[PDB]
Amino acid sequence: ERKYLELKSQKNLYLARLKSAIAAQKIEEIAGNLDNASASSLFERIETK
Amino acid sequence: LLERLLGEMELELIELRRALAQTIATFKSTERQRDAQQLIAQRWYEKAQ
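Sequences listed follow chains A and A', in order. A prime marks a further copy of an entry chain. Taking the deposited numbering, the leading residue of the first sequence gets 126, the next gets one more, and so forth. Taking the deposited numbering, the leading residue of the second sequence gets 28, the next gets one more, and so forth.
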């Protein structure tokens, strides 16, 4: 009964970190920072079109 | 065969036109990239000065 709440006290932190990490690359995809011109999306296809 | 070949050529002309358009597009894009690169070089020169 002790160990269970021990783990429950960190489930949330892990979920938060994971969601932040996902969101990072999520908007890094759209409108790349163009630090390198290797690939940019949705702001170059539109520009080229 | 006359009308057949003329229709074929009619299609092929606009195909060629589209291809040349795309060529002009990336030529402009490459020029823009060159300008950005030389601008960054100039900025680093300013920092050095």
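Beta carbons are placed, not taken as given, at the ideal position from N, Cα and C, and that holds for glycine.
Supposed close pair residue i, residue j - CB separation, criterion 8 Å
i: residue 167/A; j: residue 155/A; result: 5 Å
i: residue 12/A'; j: residue 162/A; result: Not covered by the structure: residue 12/A'. The range shown for chain A' is 28 to 76.
Span of the alpha helix (DSSP H) around residue i
i: residue 128/A; result: 127-154
i: residue 77/A'; result: Missing from the structure shown is residue 77/A'; chain A' here goes from 28 to 76 and no further.
Any chain A' beta carbon closer than 8 Å to residue i
i: residue 162/A; result: yes
Rounded C-alpha distance that separates residue i from residue j
i: residue 76/A'; j: residue 68/A'; result: 12 Å
i: residue 56/A'; j: residue 149/A; result: 28 Å
i: residue 64/A'; j: residue 43/A'; result: 32 Å
i: residue 158/A; j: residue 49/A'; result: 25 Å
i: residue 41/A'; j: residue 51/A'; result: 15 Å
8 Å Cβ cutoff, residue i in contact with chain A
i: residue 60/A'; result: yes
i: residue 52/A'; result: yes
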